[PDB]
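*Asks:* What follows is final-v8.csv, CSV, C-alpha atoms.
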chain,number,residue,atom,x,y,z
B,1,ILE,CA,8.8,-4.7,15.0
B,2,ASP,CA,7.9,-1.4,16.6
B,3,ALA,CA,6.5,-1.8,20.1
B,4,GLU,CA,5.2,1.8,19.9
B,5,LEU,CA,3.1,1.3,16.8
B,6,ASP,CA,2.6,-2.4,16.3
B,7,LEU,CA,0.6,-5.2,17.9
B,8,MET,CA,1.5,-8.8,17.4
B,9,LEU,CA,-0.2,-12.2,17.9
B,10,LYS,CA,1.3,-15.7,17.5
B,11,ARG,CA,-0.6,-18.9,17.5
B,12,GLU,CA,-0.1,-22.6,16.6
B,13,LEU,CA,-2.9,-24.3,14.6
B,14,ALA,CA,-3.2,-28.0,14.2
B,15,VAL,CA,-4.1,-27.6,10.5
B,16,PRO,CA,-1.9,-27.8,7.4
B,17,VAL,CA,-0.6,-24.6,5.8
B,18,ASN,CA,-2.6,-25.1,2.6
B,19,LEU,CA,-5.9,-25.2,4.5
B,20,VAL,CA,-5.0,-22.2,6.6
B,21,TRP,CA,-4.1,-20.2,3.5
B,22,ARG,CA,-7.6,-21.0,2.0
B,23,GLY,CA,-9.2,-19.9,5.3
B,24,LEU,CA,-7.4,-16.5,5.0
B,25,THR,CA,-8.2,-15.9,1.4
B,26,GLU,CA,-11.6,-17.5,0.5
B,27,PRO,CA,-14.6,-15.3,1.1
B,28,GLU,CA,-16.9,-18.3,1.7
B,29,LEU,CA,-14.5,-19.3,4.6
B,30,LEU,CA,-13.6,-15.7,5.8
B,31,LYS,CA,-17.2,-14.9,6.5
B,32,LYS,CA,-17.3,-17.7,9.1
B,33,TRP,CA,-14.4,-16.6,11.3
B,34,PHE,CA,-12.9,-13.2,10.4
B,35,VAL,CA,-15.0,-11.5,13.1
B,36,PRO,CA,-15.4,-12.6,16.7
B,37,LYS,CA,-19.0,-13.7,17.5
B,38,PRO,CA,-21.6,-12.6,18.2
B,39,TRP,CA,-20.4,-10.3,15.4
B,40,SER,CA,-20.8,-11.6,11.9
B,41,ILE,CA,-20.1,-10.8,8.3
B,42,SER,CA,-22.9,-9.7,6.0
B,43,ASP,CA,-20.7,-9.6,2.9
B,44,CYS,CA,-17.2,-10.3,1.8
B,45,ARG,CA,-15.5,-9.7,-1.6
B,46,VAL,CA,-11.9,-10.7,-2.3
B,47,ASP,CA,-9.7,-9.9,-5.4
B,48,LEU,CA,-6.6,-11.8,-4.2
B,49,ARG,CA,-3.7,-9.9,-5.9
B,50,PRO,CA,-1.6,-6.8,-5.1
B,51,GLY,CA,-3.8,-3.8,-5.6
B,52,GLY,CA,-6.9,-6.0,-5.3
B,53,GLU,CA,-9.9,-5.0,-3.1
B,54,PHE,CA,-10.6,-6.7,0.2
B,55,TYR,CA,-14.2,-5.7,1.0
B,56,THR,CA,-16.2,-6.8,4.0
B,57,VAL,CA,-19.4,-5.8,5.8
B,58,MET,CA,-19.3,-6.3,9.5
B,59,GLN,CA,-22.5,-6.5,11.6
B,60,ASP,CA,-22.3,-5.9,15.4
B,61,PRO,CA,-24.7,-7.5,17.9
B,62,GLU,CA,-26.8,-4.3,17.8
B,63,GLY,CA,-27.5,-4.9,14.1
B,64,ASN,CA,-25.4,-2.0,12.8
B,65,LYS,CA,-23.5,-2.7,9.5
B,66,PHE,CA,-20.0,-1.4,8.9
B,67,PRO,CA,-18.7,-1.6,5.3
B,68,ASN,CA,-14.9,-2.1,5.4
B,69,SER,CA,-12.7,-1.5,2.3
B,70,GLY,CA,-9.1,-2.4,2.1
B,71,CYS,CA,-6.3,-3.3,-0.4
B,72,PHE,CA,-4.0,-6.3,-0.7
B,73,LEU,CA,-0.3,-5.4,-0.8
B,74,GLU,CA,1.4,-8.7,-0.9
B,75,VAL,CA,0.1,-12.2,-1.7
B,76,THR,CA,2.8,-14.8,-1.3
B,77,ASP,CA,1.0,-18.1,-1.5
B,78,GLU,CA,0.8,-20.1,1.8
B,79,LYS,CA,3.5,-17.8,3.2
B,80,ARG,CA,2.6,-14.1,3.6
B,81,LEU,CA,-0.6,-12.0,3.2
B,82,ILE,CA,-0.6,-8.3,3.7
B,83,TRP,CA,-3.6,-6.0,3.4
B,84,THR,CA,-4.2,-2.4,4.4
B,85,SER,CA,-7.1,-0.2,5.2
B,86,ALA,CA,-5.1,2.9,4.4
B,87,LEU,CA,-5.7,2.1,0.7
B,88,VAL,CA,-8.7,0.8,-1.2
B,89,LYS,CA,-9.0,-0.9,-4.6
B,90,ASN,CA,-6.1,-0.2,-7.1
B,91,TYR,CA,-4.0,1.3,-4.3
B,92,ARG,CA,-6.2,4.4,-4.0
B,93,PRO,CA,-5.7,6.4,-0.8
B,94,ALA,CA,-8.7,5.7,1.5
B,95,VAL,CA,-11.2,8.4,2.4
B,96,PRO,CA,-10.3,10.1,5.7
B,97,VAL,CA,-6.4,2.6,10.0
B,98,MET,CA,-4.0,-0.4,9.9
B,99,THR,CA,-1.8,-2.6,7.8
B,100,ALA,CA,-2.0,-6.3,8.7
B,101,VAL,CA,0.8,-8.7,8.0
B,102,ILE,CA,0.0,-12.3,8.3
B,103,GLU,CA,2.9,-14.9,8.1
B,104,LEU,CA,2.5,-18.6,8.0
B,105,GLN,CA,5.1,-21.3,8.6
B,106,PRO,CA,4.4,-25.1,8.4
B,107,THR,CA,5.3,-27.1,11.5
B,108,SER,CA,5.4,-30.8,12.3
B,109,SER,CA,1.9,-30.7,13.6
B,110,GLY,CA,0.3,-27.9,11.7
B,111,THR,CA,0.9,-24.2,11.0
B,112,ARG,CA,2.5,-21.4,12.9
B,113,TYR,CA,0.4,-18.3,12.5
B,114,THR,CA,1.8,-14.8,13.2
B,115,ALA,CA,-0.3,-11.7,12.8
B,116,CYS,CA,1.0,-8.1,13.2
B,117,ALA,CA,-1.2,-5.0,13.0
B,118,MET,CA,0.8,-1.9,12.0
B,119,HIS,CA,-0.5,1.5,13.1
B,120,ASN,CA,0.5,5.1,12.2
B,121,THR,CA,0.8,6.5,15.7
B,122,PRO,CA,1.2,5.3,19.3
B,123,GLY,CA,-2.2,6.7,20.1
B,124,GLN,CA,-3.8,4.6,17.4
B,125,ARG,CA,-1.9,1.5,18.6
B,126,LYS,CA,-3.1,2.2,22.2
B,127,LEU,CA,-6.6,2.8,20.9
B,128,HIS,CA,-6.6,-0.6,19.2
B,129,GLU,CA,-5.6,-2.2,22.5
B,130,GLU,CA,-8.5,-0.5,24.3
B,131,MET,CA,-10.6,-1.8,21.4
B,132,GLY,CA,-9.9,-5.4,22.4
B,133,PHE,CA,-7.3,-6.3,19.8
B,134,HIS,CA,-5.6,-9.1,21.6
B,135,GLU,CA,-8.9,-10.8,22.7
B,136,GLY,CA,-10.7,-10.0,19.5
B,137,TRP,CA,-8.0,-11.3,17.1
B,138,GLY,CA,-7.2,-14.2,19.5
B,139,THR,CA,-10.9,-15.3,19.2
B,140,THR,CA,-10.9,-15.0,15.5
B,141,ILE,CA,-7.9,-17.4,15.2
B,142,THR,CA,-9.7,-19.9,17.5
B,143,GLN,CA,-12.8,-19.7,15.2
B,144,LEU,CA,-10.5,-20.2,12.2
B,145,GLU,CA,-8.9,-23.4,13.6
B,146,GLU,CA,-12.3,-24.7,14.5
B,147,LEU,CA,-13.7,-24.1,11.1
B,148,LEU,CA,-10.9,-25.7,9.1
B,149,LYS,CA,-11.0,-28.8,11.3
B,150,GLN,CA,-14.6,-29.5,10.6
B,151,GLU,CA,-14.6,-28.5,6.9
B,152,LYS,CA,-11.2,-30.3,6.4
B,153,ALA,CA,-12.8,-33.4,4.9
B,154,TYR,CA,-14.9,-31.4,2.4
M,1,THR,CA,-7.0,0.4,-15.1
M,2,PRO,CA,-9.3,3.4,-16.0
M,3,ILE,CA,-8.7,6.5,-13.9
M,4,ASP,CA,-11.4,8.3,-12.0
M,5,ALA,CA,-11.6,11.7,-13.6
M,6,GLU,CA,-13.0,13.2,-10.3
M,7,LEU,CA,-10.1,12.0,-8.1
M,8,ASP,CA,-7.2,11.4,-10.5
M,9,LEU,CA,-4.8,13.6,-12.4
M,10,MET,CA,-2.9,12.4,-15.5
M,11,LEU,CA,0.3,13.5,-17.2
M,12,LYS,CA,1.3,12.2,-20.6
M,13,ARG,CA,4.6,13.2,-22.2
M,14,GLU,CA,7.0,12.0,-24.9
M,15,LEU,CA,10.6,11.9,-23.8
M,16,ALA,CA,13.3,11.7,-26.6
M,17,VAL,CA,15.3,9.4,-24.4
M,18,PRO,CA,15.6,5.5,-24.2
M,19,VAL,CA,13.4,3.7,-21.7
M,20,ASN,CA,16.4,2.4,-19.7
M,21,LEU,CA,17.5,6.0,-18.9
M,22,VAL,CA,14.0,7.1,-18.0
M,23,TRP,CA,13.8,4.1,-15.6
M,24,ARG,CA,17.2,5.1,-14.0
M,25,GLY,CA,15.9,8.7,-13.6
M,26,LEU,CA,12.8,7.5,-11.8
M,27,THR,CA,14.7,5.1,-9.4
M,28,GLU,CA,18.2,6.3,-8.7
M,29,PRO,CA,18.5,8.8,-5.8
M,30,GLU,CA,21.5,10.6,-7.4
M,31,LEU,CA,19.3,11.4,-10.4
M,32,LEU,CA,16.0,11.9,-8.6
M,33,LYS,CA,17.6,14.7,-6.5
M,34,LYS,CA,18.1,16.7,-9.7
M,35,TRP,CA,14.6,16.8,-11.3
M,36,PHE,CA,12.0,15.4,-8.9
M,37,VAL,CA,11.1,18.9,-7.6
M,38,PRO,CA,10.6,22.2,-9.5
M,39,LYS,CA,13.3,24.8,-8.7
M,40,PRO,CA,14.0,27.0,-6.8
M,41,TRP,CA,13.0,24.0,-4.8
M,42,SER,CA,15.7,21.3,-4.3
M,43,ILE,CA,16.3,17.9,-2.7
M,44,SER,CA,19.1,17.6,-0.2
M,45,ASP,CA,18.6,13.9,0.5
M,46,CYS,CA,17.0,11.0,-1.1
M,47,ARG,CA,16.7,7.3,-0.2
M,48,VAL,CA,15.2,4.6,-2.3
M,49,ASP,CA,14.7,0.9,-1.5
M,50,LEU,CA,13.4,-0.2,-4.9
M,51,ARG,CA,11.0,-3.1,-4.0
M,52,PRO,CA,7.4,-3.4,-2.9
M,53,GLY,CA,7.3,-2.2,0.7
M,54,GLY,CA,10.5,-0.2,0.3
M,55,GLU,CA,10.9,3.3,1.5
M,56,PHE,CA,10.9,6.3,-0.8
M,57,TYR,CA,12.4,9.1,1.3
M,58,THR,CA,13.2,12.7,0.2
M,59,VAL,CA,14.2,15.9,1.9
M,60,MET,CA,12.9,19.0,0.1
M,61,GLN,CA,14.9,22.2,0.7
M,62,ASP,CA,14.5,25.9,-0.2
M,63,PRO,CA,17.1,28.6,-1.0
M,64,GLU,CA,16.8,29.5,2.7
M,65,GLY,CA,18.0,26.2,3.9
M,66,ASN,CA,14.7,25.0,5.4
M,67,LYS,CA,14.2,21.2,5.1
M,68,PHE,CA,11.0,19.3,4.5
M,69,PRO,CA,11.2,15.5,5.0
M,70,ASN,CA,8.8,13.4,3.0
M,71,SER,CA,8.3,9.6,3.3
M,72,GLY,CA,6.5,7.2,1.0
M,73,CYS,CA,6.4,3.5,0.1
M,74,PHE,CA,6.8,1.6,-3.2
M,75,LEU,CA,4.0,-0.7,-4.1
M,76,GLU,CA,4.9,-2.1,-7.4
M,77,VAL,CA,8.2,-2.3,-9.3
M,78,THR,CA,8.1,-3.7,-12.8
M,79,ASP,CA,11.5,-3.1,-14.5
M,80,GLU,CA,11.3,-0.3,-17.2
M,81,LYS,CA,7.5,-0.8,-17.4
M,82,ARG,CA,5.6,0.4,-14.3
M,83,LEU,CA,6.4,2.0,-11.0
M,84,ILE,CA,3.9,2.6,-8.2
M,85,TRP,CA,4.5,4.4,-4.9
M,86,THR,CA,2.2,6.1,-2.4
M,87,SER,CA,2.4,8.7,0.3
M,88,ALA,CA,-0.5,7.1,2.2
M,89,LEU,CA,2.0,4.5,3.5
M,90,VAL,CA,5.6,4.7,4.6
M,91,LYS,CA,8.4,2.1,4.9
M,92,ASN,CA,7.2,-1.5,5.2
M,93,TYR,CA,3.6,-0.6,4.3
M,94,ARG,CA,3.1,1.2,7.6
M,95,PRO,CA,0.1,3.6,7.5
M,96,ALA,CA,1.3,7.2,7.1
M,97,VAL,CA,1.0,9.7,9.9
M,98,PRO,CA,-2.3,11.7,9.6
M,99,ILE,CA,-1.4,15.9,0.0
M,100,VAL,CA,-1.9,12.1,0.2
M,101,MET,CA,-1.5,10.4,-3.1
M,102,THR,CA,-0.7,7.2,-5.0
M,103,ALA,CA,1.4,7.6,-8.1
M,104,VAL,CA,1.2,5.2,-11.0
M,105,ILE,CA,3.9,5.6,-13.7
M,106,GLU,CA,3.9,3.6,-16.9
M,107,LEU,CA,6.5,3.6,-19.6
M,108,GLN,CA,6.2,2.6,-23.2
M,109,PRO,CA,9.2,2.6,-25.6
M,110,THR,CA,8.6,4.5,-28.9
M,111,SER,CA,10.6,4.7,-32.1
M,112,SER,CA,12.1,8.0,-31.0
M,113,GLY,CA,12.0,7.7,-27.3
M,114,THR,CA,9.8,6.7,-24.4
M,115,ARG,CA,6.1,7.4,-23.7
M,116,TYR,CA,5.7,8.6,-20.1
M,117,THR,CA,2.3,8.2,-18.5
M,118,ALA,CA,1.8,9.1,-14.9
M,119,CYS,CA,-1.3,9.3,-12.7
M,120,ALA,CA,-1.8,10.8,-9.3
M,121,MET,CA,-4.7,9.1,-7.4
M,122,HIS,CA,-6.4,11.0,-4.6
M,123,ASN,CA,-8.8,10.1,-1.9
M,124,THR,CA,-11.3,12.9,-2.4
M,125,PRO,CA,-12.2,15.6,-5.0
M,126,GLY,CA,-11.2,18.3,-2.6
M,127,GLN,CA,-7.7,16.8,-2.3
M,128,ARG,CA,-7.5,16.4,-6.1
M,129,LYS,CA,-8.4,20.1,-6.6
M,130,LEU,CA,-5.9,21.3,-4.0
M,131,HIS,CA,-3.1,19.2,-5.6
M,132,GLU,CA,-3.9,20.4,-9.1
M,133,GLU,CA,-3.9,24.0,-8.2
M,134,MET,CA,-0.8,24.0,-6.1
M,135,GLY,CA,0.8,21.9,-8.8
M,136,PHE,CA,0.1,24.5,-11.5
M,137,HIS,CA,1.2,27.5,-9.3
M,138,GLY,CA,5.1,21.7,-11.6
M,139,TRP,CA,4.3,18.1,-12.4
M,140,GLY,CA,5.1,19.0,-16.1
M,141,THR,CA,8.1,21.1,-15.2
M,142,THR,CA,9.7,18.2,-13.3
M,143,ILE,CA,9.4,16.1,-16.4
M,144,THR,CA,11.2,18.7,-18.5
M,145,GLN,CA,14.0,18.7,-16.0
M,146,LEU,CA,14.1,14.9,-16.2
M,147,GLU,CA,14.5,14.8,-19.9
M,148,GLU,CA,17.2,17.4,-19.9
M,149,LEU,CA,19.1,15.6,-17.1
M,150,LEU,CA,19.0,12.2,-18.9
M,151,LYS,CA,20.3,13.9,-22.1
M,152,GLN,CA,23.5,14.7,-20.1
M,153,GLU,CA,23.9,11.0,-19.2
M,154,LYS,CA,25.9,10.5,-22.4
Produce structure tokens that represent the structure in this file.

*Replies:*
Amino acid sequence: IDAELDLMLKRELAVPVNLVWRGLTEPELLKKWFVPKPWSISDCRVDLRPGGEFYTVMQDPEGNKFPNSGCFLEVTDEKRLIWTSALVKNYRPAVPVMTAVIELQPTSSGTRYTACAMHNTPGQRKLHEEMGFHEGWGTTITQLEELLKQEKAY
Amino acid sequence: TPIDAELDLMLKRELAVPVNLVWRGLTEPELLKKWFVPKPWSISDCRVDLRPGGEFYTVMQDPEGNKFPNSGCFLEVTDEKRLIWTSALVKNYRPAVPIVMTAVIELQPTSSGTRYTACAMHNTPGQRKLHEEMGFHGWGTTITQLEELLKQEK
């Protein structure tokens, strides 16, 4: 871990690892927690494989839409998910940024969730902090746990 | 996958060498330092961690003695079949510091040797044009050096 370029977040969710994994990889679920309200997701496309596209359209409270395009780098079922915005579909360099590493670990009561956002420079890391990374990402995880608990039965 | 003629450059060549040797040439630092760059250019140092997320590091040097460090990251490693690396990311999939490209190399054994197919993916047409021009003022030359080097292996 590089304190100069990376930001980390660790949380404990009272949900099984299999369910958490589905929440992180299924568009139908992603669009319900991936962004912190009042923000929302207008579209989400997922090709879950290395080199596969991770596309999402975020809408802010002002009504502005922001199409996001990323690429999956590692997909280790119920263990590790890595995607980057530095590359798009088929590993193509993105048009001129972060790489997210999500690690899961089952526990006696649920799943240990660890998220790390990797940046290219200290300035970008600092910028993400001033962008509300800790609060924002923290809120999304809370929304995730809330979603899985109520959709658990189904 | 089909290349994008506007952003991608392709190189196809037949090497009269067995696939196992071509693979060694593409992955062993000792060999890479003897063909990867067109002379008078040279490589004074090379590091390869051959795995997805592994660093691909090289130090380009001129007859003057000036060094030029270059860092990349491997994305896919399929033994003697396909190799993918990118300069848009560095070690451990970290976004690179702001010619960015992603290289896709595929090998196919033939009766006489190995079919070498490599593609350089760019982010924009402008970058593609700049790479192709500068390259011509090389990609093909390095391959010739590779074949000659591998012929000395025995």

*Asks:* Using all atoms listed in the file, tabulate the residues of chain B lying at most 9 Å from any atom of chain M, each with its closest atom pair and that distance in Å to one decimal, by chain and increasing residue number, as a Markdown table.

*Replies:*
| residue | atom | partner | partner_atom | distance |
| --- | --- | --- | --- | --- |
| B:50 | CA | M:75 | CA | 8.3 |
| B:51 | CA | M:75 | CA | 8.5 |
| B:73 | CA | M:75 | CA | 7.2 |
| B:74 | CA | M:52 | CA | 8.3 |
| B:82 | CA | M:93 | CA | 8.8 |
| B:84 | CA | M:93 | CA | 8.0 |
| B:85 | CA | M:95 | CA | 8.5 |
| B:86 | CA | M:95 | CA | 6.1 |
| B:87 | CA | M:88 | CA | 7.4 |
| B:90 | CA | M:1 | CA | 8.1 |
| B:91 | CA | M:102 | CA | 6.8 |
| B:92 | CA | M:121 | CA | 6.0 |
| B:93 | CA | M:123 | CA | 5.0 |
| B:94 | CA | M:123 | CA | 5.6 |
| B:95 | CA | M:123 | CA | 5.2 |
| B:96 | CA | M:123 | CA | 7.7 |
| B:97 | CA | M:95 | CA | 7.0 |
| B:98 | CA | M:95 | CA | 6.2 |
| B:99 | CA | M:94 | CA | 6.2 |
| B:118 | CA | M:94 | CA | 5.9 |
| B:119 | CA | M:95 | CA | 6.0 |
| B:120 | CA | M:95 | CA | 4.9 |
| B:121 | CA | M:97 | CA | 6.6 |

*Asks:* Save out the residues we just selected, C-alpha atoms, as an mmCIF file, in the coordinates of the input.

*Replies:*
data_model
loop_
_atom_site.group_PDB
_atom_site.id
_atom_site.type_symbol
_atom_site.label_atom_id
_atom_site.label_comp_id
_atom_site.auth_asym_id
_atom_site.auth_seq_id
_atom_site.Cartn_x
_atom_site.Cartn_y
_atom_site.Cartn_z
ATOM 1 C CA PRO B 50 -1.600 -6.800 -5.100
ATOM 2 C CA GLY B 51 -3.800 -3.800 -5.600
ATOM 3 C CA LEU B 73 -0.300 -5.400 -0.800
ATOM 4 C CA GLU B 74 1.400 -8.700 -0.900
ATOM 5 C CA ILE B 82 -0.600 -8.300 3.700
ATOM 6 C CA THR B 84 -4.200 -2.400 4.400
ATOM 7 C CA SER B 85 -7.100 -0.200 5.200
ATOM 8 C CA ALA B 86 -5.100 2.900 4.400
ATOM 9 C CA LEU B 87 -5.700 2.100 0.700
ATOM 10 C CA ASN B 90 -6.100 -0.200 -7.100
ATOM 11 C CA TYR B 91 -4.000 1.300 -4.300
ATOM 12 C CA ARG B 92 -6.200 4.400 -4.000
ATOM 13 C CA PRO B 93 -5.700 6.400 -0.800
ATOM 14 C CA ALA B 94 -8.700 5.700 1.500
ATOM 15 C CA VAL B 95 -11.200 8.400 2.400
ATOM 16 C CA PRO B 96 -10.300 10.100 5.700
ATOM 17 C CA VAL B 97 -6.400 2.600 10.000
ATOM 18 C CA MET B 98 -4.000 -0.400 9.900
ATOM 19 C CA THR B 99 -1.800 -2.600 7.800
ATOM 20 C CA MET B 118 0.800 -1.900 12.000
ATOM 21 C CA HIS B 119 -0.500 1.500 13.100
ATOM 22 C CA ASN B 120 0.500 5.100 12.200
ATOM 23 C CA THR B 121 0.800 6.500 15.700
#

*Asks:* Check the smallest atom-to-atom distance from each of M:44, M:141, M:152, M:27 to residue 105 of chain M using all atoms listed in the file, then report the winner.

*Replies:* M:27

*Asks:* Which polymer residues have any atom within 10 Å of an atom of residue 49 of chain M, counting only C-alpha atoms, with same-chain residues fewer than 5 positions away left out, as an MDAnalysis selection string?

*Replies:* chainID M and resid 27:29 54:57 73:74 91

*Asks:* Selection from above, C-alpha atoms, as an mmCIF file, in the coordinates of the input, can you write it?

*Replies:*
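Contents of selection38.cif, freshly written:
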data_model
loop_
_atom_site.group_PDB
_atom_site.id
_atom_site.type_symbol
_atom_site.label_atom_id
_atom_site.label_comp_id
_atom_site.auth_asym_id
_atom_site.auth_seq_id
_atom_site.Cartn_x
_atom_site.Cartn_y
_atom_site.Cartn_z
ATOM 1 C CA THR M 27 14.700 5.100 -9.400
ATOM 2 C CA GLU M 28 18.200 6.300 -8.700
ATOM 3 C CA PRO M 29 18.500 8.800 -5.800
ATOM 4 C CA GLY M 54 10.500 -0.200 0.300
ATOM 5 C CA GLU M 55 10.900 3.300 1.500
ATOM 6 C CA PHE M 56 10.900 6.300 -0.800
ATOM 7 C CA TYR M 57 12.400 9.100 1.300
ATOM 8 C CA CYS M 73 6.400 3.500 0.100
ATOM 9 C CA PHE M 74 6.800 1.600 -3.200
ATOM 10 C CA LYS M 91 8.400 2.100 4.900
#

*Asks:* One decimal, Å: what's the distance from atom CA of residue 33 of chain M over to atom CA of residue 50 of chain M, could you say?

*Replies:*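 Going from atom CA of residue 33 of chain M over to atom CA of residue 50 of chain M, I get 15.6 Å.
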
*Asks:* So which one's closest to residue 38 of chain M, M:116, M:23, M:68, M:136? Using all atoms listed in the file, please.

*Replies:* M:136

*Asks:* Considering only C-alpha atoms, state which residue in the set B:130, B:53, B:43, B:12 is at the smallest distance from residue 144 of chain B.

*Replies:*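 Of B:130, B:53, B:43, B:12, the one nearest residue 144 of chain B, counting only C-alpha atoms, is B:12.
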
*Asks:* Skip residue 153 of chain B itself and residues of its chain fewer than 4 positions away, then list as a PyMOL selection string all residues within 12 Å of it, counting only C-alpha atoms.

*Replies:* chain B and resi 15+19+147-149

*Asks:* Could you tell me how far atom CA of residue 149 of chain M sits from atom CA of residue 35 of chain M, in Å to one decimal place?

*Replies:*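 Atom CA of residue 149 of chain M lies at a distance of 7.4 Å from atom CA of residue 35 of chain M.
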
*Asks:* Pick out the residues sitting within 10 Å of residue 118 of chain M, and hand them over as JSON, numbers by chain; count only C-alpha atoms, and ignore anything fewer than 6 positions along from it in its own chain.

*Replies:* {"M": [9, 10, 11, 12, 13, 82, 83, 84, 103, 104, 105, 106, 107, 139]}

*Asks:* What's around residue 134 of chain B at 9 Å? Count all atoms listed in the file, leave out sequence neighbours fewer than 6 positions away in its own chain, and write the answer as JSON, numbers by chain.

*Replies:* {"B": [7, 8, 9, 128]}

*Asks:* Can you pull out the residues contacting residue 122 of chain B? Cut-off 10 Å, using only C-alpha atoms, and skip same-chain residues under 3 positions away; I want them as an mmCIF file with C-alpha atoms, keeping the file's coordinate frame.

*Replies:*
data_model
loop_
_atom_site.group_PDB
_atom_site.id
_atom_site.type_symbol
_atom_site.label_atom_id
_atom_site.label_comp_id
_atom_site.auth_asym_id
_atom_site.auth_seq_id
_atom_site.Cartn_x
_atom_site.Cartn_y
_atom_site.Cartn_z
ATOM 1 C CA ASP B 2 7.900 -1.400 16.600
ATOM 2 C CA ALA B 3 6.500 -1.800 20.100
ATOM 3 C CA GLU B 4 5.200 1.800 19.900
ATOM 4 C CA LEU B 5 3.100 1.300 16.800
ATOM 5 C CA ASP B 6 2.600 -2.400 16.300
ATOM 6 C CA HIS B 119 -0.500 1.500 13.100
ATOM 7 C CA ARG B 125 -1.900 1.500 18.600
ATOM 8 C CA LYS B 126 -3.100 2.200 22.200
ATOM 9 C CA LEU B 127 -6.600 2.800 20.900
ATOM 10 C CA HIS B 128 -6.600 -0.600 19.200
#

*Asks:* With distances taken over only C-alpha atoms, which of M:32, M:19, M:46, M:134 is nearest to residue 146 of chain M?

*Replies:*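 Checking each of M:32, M:19, M:46, M:134 against residue 146 of chain M, counting only C-alpha atoms, the winner is M:32.
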
*Asks:* Distance atom CA of residue 115 of chain B-atom CA of residue 44 of chain B, one decimal place?

*Replies:*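 Between atom CA of residue 115 of chain B and atom CA of residue 44 of chain B the gap is 20.2 Å.
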
*Asks:* Closest to residue 135 of chain M among M:65, M:99, M:151, M:6, using all atoms listed in the file?

*Replies:*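 The answer is M:99, which sits nearest to residue 135 of chain M.
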
*Asks:* Check the smallest atom-to-atom distance from each of B:72, B:83, B:154, B:21 to residue 106 of chain B using all atoms listed in the file, then report the winner.

*Replies:*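 Ranked by minimum distance to residue 106 of chain B, first place goes to B:21.
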